[PDB]
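Novice: Below you will find the structure I want to go over with you.
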Amino acid sequence: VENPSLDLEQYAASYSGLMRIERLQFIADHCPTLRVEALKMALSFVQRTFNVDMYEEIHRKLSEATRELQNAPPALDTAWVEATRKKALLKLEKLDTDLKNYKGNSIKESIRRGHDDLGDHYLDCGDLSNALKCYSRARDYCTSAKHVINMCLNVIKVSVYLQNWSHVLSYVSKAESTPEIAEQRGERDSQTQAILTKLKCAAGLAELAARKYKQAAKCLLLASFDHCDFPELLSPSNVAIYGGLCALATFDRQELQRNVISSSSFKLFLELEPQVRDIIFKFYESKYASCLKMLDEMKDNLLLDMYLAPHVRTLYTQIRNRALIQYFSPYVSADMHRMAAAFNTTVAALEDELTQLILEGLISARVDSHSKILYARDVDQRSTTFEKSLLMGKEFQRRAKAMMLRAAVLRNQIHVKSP
Amino acid sequence: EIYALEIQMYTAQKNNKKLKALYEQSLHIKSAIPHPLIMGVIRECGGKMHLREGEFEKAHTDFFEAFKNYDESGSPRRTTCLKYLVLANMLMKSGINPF
Amino acid sequence: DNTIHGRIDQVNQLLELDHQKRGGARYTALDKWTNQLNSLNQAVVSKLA
Amino acid sequence: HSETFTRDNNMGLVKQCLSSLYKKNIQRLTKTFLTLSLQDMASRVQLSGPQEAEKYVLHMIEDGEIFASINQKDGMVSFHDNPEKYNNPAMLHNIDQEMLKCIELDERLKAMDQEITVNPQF
């Protein structure tokens, strides 16, 4: 697991919050050589945002990182670990009394202001389970629909770092149909508040992990270019990579052109990613020799990504499959040698490749391994209806034998008793 | 008339990412205004970002209105604006009825 | 995109065209009746014991 | 578990399954390949050597488990893959006979329904 062509400077640029620490740490993990770099970049931002839970984690890896780098031929700043810790520990108690003296006031908006400060500084220190609850109680101290949303957005933010995606979606489903179906029209012709652009960033990414790549594409394709850089979940440069490769695999040729290629909504995101754009195009243009050539060499980088690692087979393979169907179906008889180099492989390989797909998949075609050709195999309608009718009738006859004897055995009270 | 000169500079520059944003915003401002030649200068350049985009049904109608503004006043683009009204109807894949 | 109803024999450099049309209704319709009887008779067997 | 099987005196029948799996393996090939080599088959079925391949081809055919044939000259197996088109008396007779057995079955049920006629009330 490694790729040299990787820019960590950009990887950190578009992200923030915990997402910076989570992604930087996943890169350092699966990508060595750039573990020298990746652990230094997690360290620096952990020292901001009053964070000890992550420093004790991250810096401990820096030691074992440099330890293994001395096997080819930094120090625990405990002066700082104390400094941020007591600073943070007492800042909790300040915000504690701030909320407790906001609760003594009995103001609806002032207590929600307190709550949102508490959850923030418990997030800061790496504490998730505590940070979680602060926003939950902020539901009670509300009035408007916007207040029940502006908290429900935060509710999700944390349930992403926690990795309970089931509750990510439970509160997106609530937040979506909260203000009478998103204020009806969307704030009268183009909204300054890009809100659902976020709500579908999560509704998708939650499904991404949950294997529903088609349901994920539906939520990631609707992602408009109003929200762009939302660093605490997923960048727009990834929304293109993620939702594009998702649809590609699970979408037919028809929905592609319509809901992917010629749709302006998502078109802007494709512009951002020129390589992702070319593979979606070369699929539809049916120039497969290149289509996969591109995708293979992208696999190296896309694996090192945090959220696109765990679907790198089911997607990549499902696309290959899709194309293999789409290449052949039009032909009644196709030369395998042409199809071979077209799918970056060998003749013999192609032979077995198809074989499996014949049995399982919808490749209704046989193999002539003598001259290495693939012929389309279509059904003799007549034979079919005849064939089965005999067989079904013979099954019906067999059960009729059985339930005639079964009428007899019960009629005679036939059974082997125990005692 | 400010958005006219903005669409005129980026038509010389070839910035389709801003031009698309500019034309969409110069249709809400197209309402609260009297009536100059300029109201066709933006429509012809706006139709060009629906030929480029692909949706020829939103370029076709754009080039009919821009052609009409050069019809009333000056006609430097009227001789080449009809080229985009006809090119639309053919590529509209249905029209085939220009003149 | 499914405008031209046809398929290609790449080896022979030609195009056989969709056309071979016959009574596909009889067989497909009877197919259903055959299926319903299959599920039906077993429902009558599972009644008695 | 040679013991467990031979304990029950049904070893042999368990070894008939060993052979029916070889015959299942080849039965699948019909659905995928339509022209295949003896050597290819020998390598894919696991029997090894083109004879062992050609063997079960013959037997399965001779018996009538698979529709296939051999071109020894090249050394290839061609899968006919095609039985009957329901276009003759052959079916017509079987259609007559298989049907008469369903009517035979109705005759029994009709008598068995009349059996229930005479017994007590409700």
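Chain labels run A, B, ... following the order of the structure tokens; each chain numbers its residues from 1, and ligands are numbered from 1 in the order shown.
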Near chain A, meaning an atom within 6 Å, which residues of chain C appear when counting only C-alpha atoms? Write them as a PyMOL selection string.
Specialist: chain C and resi 7-10+27+31
Novice: With N, CA, C and O atoms retained, export the selected residues as a compact mmCIF listing (two decimals), in the first residue's frame.
Specialist:
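Listed below is the output, selection26.txt:
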```
# COMPACT_ATOMS: atom_id res chain seq x y z
N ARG C 7 -27.59 -5.98 -34.58
CA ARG C 7 -26.40 -6.47 -33.90
C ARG C 7 -25.30 -6.85 -34.89
O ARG C 7 -25.59 -7.24 -36.03
N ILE C 8 -24.05 -6.76 -34.45
CA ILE C 8 -22.88 -6.85 -35.32
C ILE C 8 -22.12 -8.17 -35.19
O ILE C 8 -21.78 -8.59 -34.08
N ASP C 9 -21.86 -8.82 -36.33
CA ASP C 9 -20.92 -9.94 -36.39
C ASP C 9 -19.56 -9.38 -36.79
O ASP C 9 -19.29 -9.15 -37.97
N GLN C 10 -18.72 -9.16 -35.78
CA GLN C 10 -17.43 -8.52 -35.98
C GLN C 10 -16.50 -9.33 -36.87
O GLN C 10 -15.71 -8.76 -37.62
N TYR C 27 -46.31 -18.25 -26.20
CA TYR C 27 -45.35 -18.95 -25.35
C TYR C 27 -45.12 -18.22 -24.02
O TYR C 27 -45.08 -18.85 -22.96
N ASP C 31 -46.40 -19.40 -20.41
CA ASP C 31 -45.34 -19.43 -19.39
C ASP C 31 -45.89 -19.04 -18.02
O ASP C 31 -45.60 -19.69 -17.02
```
Novice: Residues of chain A within 9 Å of chain B, using only C-alpha atoms, as an MDAnalysis selection string?
Specialist: chainID A and resid 262:264 268
Novice: Set out as JSON lines a contact list for chain D and chain A with a cut-off of 6 Å, giving each residue of chain D that qualifies its closest atom pair and distance in Å to one decimal, counting only C-alpha atoms, ordered by chain and rising residue number.
Specialist:
```
{"residue": "D:32", "atom": "CA", "partner": "A:366", "partner_atom": "CA", "distance": 5.1}
{"residue": "D:33", "atom": "CA", "partner": "A:367", "partner_atom": "CA", "distance": 4.1}
{"residue": "D:34", "atom": "CA", "partner": "A:367", "partner_atom": "CA", "distance": 5.5}
{"residue": "D:35", "atom": "CA", "partner": "A:368", "partner_atom": "CA", "distance": 4.6}
{"residue": "D:36", "atom": "CA", "partner": "A:369", "partner_atom": "CA", "distance": 5.5}
```
Novice: With N, CA, C and O atoms retained, could you export that selection as a tab-separated table (two decimals), in the first residue's frame?
Specialist:
```tsv
chain	number	residue	atom	x	y	z
D	32	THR	N	-21.37	-22.24	-20.58
D	32	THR	CA	-20.33	-21.25	-20.81
D	32	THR	C	-19.69	-21.38	-22.19
D	32	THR	O	-19.90	-20.55	-23.06
D	33	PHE	N	-18.90	-22.44	-22.37
D	33	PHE	CA	-18.23	-22.69	-23.64
D	33	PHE	C	-19.17	-23.47	-24.57
D	33	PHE	O	-20.06	-24.17	-24.10
D	34	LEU	N	-18.98	-23.32	-25.88
D	34	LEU	CA	-19.63	-24.20	-26.86
D	34	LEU	C	-18.62	-24.98	-27.70
D	34	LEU	O	-18.95	-26.03	-28.24
D	35	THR	N	-17.40	-24.45	-27.82
D	35	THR	CA	-16.28	-25.20	-28.38
D	35	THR	C	-15.13	-25.15	-27.39
D	35	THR	O	-14.68	-24.07	-27.02
D	36	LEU	N	-14.67	-26.33	-26.96
D	36	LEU	CA	-13.58	-26.42	-25.99
D	36	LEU	C	-12.66	-27.60	-26.31
D	36	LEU	O	-13.10	-28.61	-26.85
```
Novice: Please indicate the distance in Å from atom CA of residue C:13 to atom CA of residue A:339, rounded to one decimal place.
Specialist: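 It comes out at 15.6 Å.
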Novice: List the neighbours of residue B:61 out to 10 Å using only C-alpha atoms; skip same-chain residues closer than 5 positions along the sequence, and give me the result as a PDB file with C-alpha atoms, in the first residue's frame.
Specialist:
```pdb
ATOM      1  CA  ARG B  43     -28.916  37.414 -24.763  1.00  0.00           C
ATOM      2  CA  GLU B  44     -26.610  36.504 -27.664  1.00  0.00           C
ATOM      3  CA  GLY B  47     -27.261  31.671 -25.706  1.00  0.00           C
ATOM      4  CA  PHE B  56     -29.718  23.841 -27.363  1.00  0.00           C
ATOM      5  CA  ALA B  66     -30.838  38.902 -29.574  1.00  0.00           C
ATOM      6  CA  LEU B  85     -30.336  30.922 -34.668  1.00  0.00           C
ATOM      7  CA  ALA B  88     -29.556  26.027 -33.060  1.00  0.00           C
ATOM      8  CA  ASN B  89     -32.576  24.801 -35.077  1.00  0.00           C
TER       9      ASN B  89
END
```
Novice: Just the number, please: distance in Å from atom CA of residue A:131 to atom CA of residue A:119, one decimal.
Specialist: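 Computing the Euclidean distance for atom CA of residue A:131 and atom CA of residue A:119 yields 4.4 Å.
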Novice: Considering only C-alpha atoms, state which residue in the set A:51, A:5, A:97, A:14 is at the smallest distance from residue A:117.
Specialist: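 Checking each of A:51, A:5, A:97, A:14 against residue A:117, counting only C-alpha atoms, the winner is A:97.
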Novice: Tell me which protein, DNA and RNA residues are within 12 Å of residue A:60, counting only C-alpha atoms, leaving out same-chain ones fewer than 5 positions away, and put them as a list in words.
Specialist: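 The residues satisfying every condition are residues 39, 40, 42, 43, 52, 53, 54, 55, 65, 66, 67, 74, 75, 76 and 77 of chain A.
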Novice: Could you state the separation of atom CA of residue D:27 and atom CA of residue D:87 in Å, given to one decimal place?
Specialist: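 Rounded to one decimal, the two atoms are 25.9 Å apart.
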Novice: Enumerate the residues of stretch 235-331 of chain A with a DSSP assignment of helix (DSSP H, G or I), computed from the backbone, and present them as a ChimeraX atom specification.
Specialist: /A:236-250,253-261,264-272,274-284,288-304,314-328
Novice: Once you have the residues from the selection above, write them out as a compact mmCIF listing (two decimals), in the first residue's frame, restricted to C-alpha atoms.
Specialist:
```txt
# COMPACT_ATOMS: atom_id res chain seq x y z
CA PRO A 236 -15.92 19.54 -3.31
CA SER A 237 -12.85 18.14 -5.11
CA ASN A 238 -13.88 14.79 -3.56
CA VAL A 239 -17.67 15.14 -4.05
CA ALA A 240 -16.78 14.87 -7.77
CA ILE A 241 -14.49 11.85 -7.27
CA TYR A 242 -16.95 10.12 -4.93
CA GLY A 243 -20.36 10.69 -6.56
CA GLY A 244 -18.91 10.27 -10.06
CA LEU A 245 -17.30 6.86 -9.55
CA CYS A 246 -20.38 5.83 -7.50
CA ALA A 247 -22.95 6.54 -10.23
CA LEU A 248 -20.61 5.23 -12.95
CA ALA A 249 -20.67 1.73 -11.43
CA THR A 250 -24.34 1.34 -10.48
CA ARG A 253 -25.92 4.02 -19.78
CA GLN A 254 -29.29 5.83 -19.96
CA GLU A 255 -29.28 7.55 -16.57
CA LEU A 256 -25.57 8.40 -17.03
CA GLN A 257 -25.95 10.85 -19.94
CA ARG A 258 -29.04 12.32 -18.28
CA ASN A 259 -28.19 12.49 -14.56
CA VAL A 260 -24.36 12.69 -14.89
CA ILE A 261 -22.76 13.81 -18.18
CA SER A 264 -25.23 21.23 -15.33
CA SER A 265 -25.79 20.74 -11.57
CA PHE A 266 -22.95 18.23 -11.31
CA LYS A 267 -21.11 19.43 -14.45
CA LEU A 268 -19.23 22.09 -12.42
CA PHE A 269 -17.84 19.43 -10.07
CA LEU A 270 -16.61 17.35 -13.03
CA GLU A 271 -14.67 20.36 -14.33
CA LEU A 272 -12.73 20.32 -11.05
CA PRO A 274 -10.28 16.25 -15.14
CA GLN A 275 -9.29 12.57 -14.73
CA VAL A 276 -12.65 11.56 -13.21
CA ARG A 277 -14.36 13.41 -16.08
CA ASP A 278 -12.37 11.48 -18.73
CA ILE A 279 -13.25 8.00 -17.39
CA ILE A 280 -16.98 8.83 -17.21
CA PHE A 281 -16.70 10.10 -20.82
CA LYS A 282 -14.56 7.29 -22.28
CA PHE A 283 -17.06 4.80 -20.80
CA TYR A 284 -19.99 6.49 -22.59
CA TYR A 288 -12.53 1.24 -23.04
CA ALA A 289 -8.82 0.69 -23.79
CA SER A 290 -8.19 4.11 -22.26
CA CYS A 291 -11.11 4.14 -19.77
CA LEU A 292 -9.51 1.45 -17.59
CA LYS A 293 -5.93 2.53 -18.36
CA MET A 294 -6.80 5.82 -16.62
CA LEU A 295 -8.70 4.25 -13.73
CA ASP A 296 -5.94 1.73 -12.88
CA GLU A 297 -3.33 4.44 -12.34
CA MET A 298 -5.79 6.48 -10.26
CA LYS A 299 -6.39 3.48 -7.96
CA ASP A 300 -3.01 4.17 -6.28
CA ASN A 301 -4.11 7.62 -5.06
CA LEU A 302 -7.81 6.83 -4.44
CA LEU A 303 -6.90 4.03 -2.02
CA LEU A 304 -4.83 6.39 0.17
CA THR A 314 -16.89 -3.21 -5.47
CA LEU A 315 -16.75 0.00 -7.50
CA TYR A 316 -13.70 -0.69 -9.71
CA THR A 317 -14.83 -4.25 -10.47
CA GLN A 318 -18.52 -3.33 -10.98
CA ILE A 319 -17.48 -0.74 -13.58
CA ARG A 320 -15.32 -3.30 -15.42
CA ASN A 321 -18.32 -5.64 -15.39
CA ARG A 322 -20.67 -2.91 -16.63
CA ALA A 323 -18.35 -2.09 -19.54
CA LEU A 324 -17.82 -5.75 -20.39
CA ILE A 325 -21.61 -6.06 -20.81
CA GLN A 326 -21.94 -2.79 -22.73
CA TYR A 327 -19.12 -3.69 -25.16
CA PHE A 328 -20.67 -7.01 -26.16
```
Novice: Please identify the strand (DSSP E) residues within chain C (assignment by DSSP from backbone atoms) and present them as a PyMOL selection string.
Specialist: chain C and resi 6-9+16-17
Novice: Restricting the output to N, CA, C and O atoms, write the selected residues as a compact mmCIF listing (two decimals), in the first residue's frame.
Specialist:
```txt
# COMPACT_ATOMS: atom_id res chain seq x y z
N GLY C 6 -30.48 -3.73 -34.22
CA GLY C 6 -29.54 -4.60 -34.91
C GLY C 6 -28.35 -5.02 -34.07
O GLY C 6 -28.14 -4.49 -32.98
N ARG C 7 -27.59 -5.98 -34.58
CA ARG C 7 -26.40 -6.47 -33.90
C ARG C 7 -25.30 -6.85 -34.89
O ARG C 7 -25.59 -7.24 -36.03
N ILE C 8 -24.05 -6.76 -34.45
CA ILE C 8 -22.88 -6.85 -35.32
C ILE C 8 -22.12 -8.17 -35.19
O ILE C 8 -21.78 -8.59 -34.08
N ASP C 9 -21.86 -8.82 -36.33
CA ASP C 9 -20.92 -9.94 -36.39
C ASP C 9 -19.56 -9.38 -36.79
O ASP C 9 -19.29 -9.15 -37.97
N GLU C 16 -26.27 -8.13 -39.14
CA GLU C 16 -27.57 -8.80 -39.07
C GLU C 16 -28.51 -7.85 -38.32
O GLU C 16 -28.12 -7.27 -37.30
N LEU C 17 -29.73 -7.71 -38.82
CA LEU C 17 -30.68 -6.74 -38.27
C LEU C 17 -31.86 -7.42 -37.60
O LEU C 17 -32.35 -8.46 -38.07
```
